[PDB]
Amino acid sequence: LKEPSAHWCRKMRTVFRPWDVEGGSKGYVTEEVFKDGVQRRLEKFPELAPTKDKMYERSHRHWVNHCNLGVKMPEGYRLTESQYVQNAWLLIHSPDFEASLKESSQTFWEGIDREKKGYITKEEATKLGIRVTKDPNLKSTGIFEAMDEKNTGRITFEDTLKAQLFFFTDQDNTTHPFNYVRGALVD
């Protein structure tokens, strides 16, 4: 492979940071951080409660498949921030990466869209996005305008997938609002 841009690495540090914080701000995360994070997620997103019995598997698959490239790592393995960034670099080159993001996103979307409409209102999306990202200033990023480019007042599942795929893969566009799909960037 080539090398990721500095901007893309910053985006990946932005993915990793909340997990690092969950694990005690040690600079690394473990399988246990994600297992413990199940309860935290059920409290923050009670929309996930109807599928709470699937959460431990989701955490474990996240550790093995997303964080560690499908490899079973030793008990106690400590994945560092910089390592996650390089593992994510390999991951986004996988032929099935886009599908993996969509499948994961479907698990969240089905909790917030119980009637299976395929969309939510822009105001609902704004409140939910603030909850997801913990960025109280998410609206000012422009992301809701950039997703709803025709001003329908709706945000579709596909809108959010498009923003997220840009975030996980784009190298050089540093100003587009889709940069902020996970909230304000860390250093």
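Numbers for residues come from their place in the sequence shown, where the first is 1.
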{"item": "147 to 155 set against 45 to 53, stretch whose average Cα temperature factor tops the other in the entry", "value": "147 to 155"}
{"item": "Mean C-alpha temperature factor, higher of 82 to 90 and 112 to 120", "value": "112 to 120"}
{"item": "Lowest, middle or highest third - CA B-factor, residue 105", "value": "lowest"}
{"item": "Chain-relative CA temperature factor third for residue 18", "value": "lowest"}
{"item": "Chain third (lowest, middle, highest) by recorded CA B-factor, residue given as residue 6", "value": "middle"}
{"item": "Chain thirds of CA B-factor: placement of residue 58", "value": "middle"}
{"item": "Chain thirds of CA B-factor: placement of residue 26", "value": "highest"}
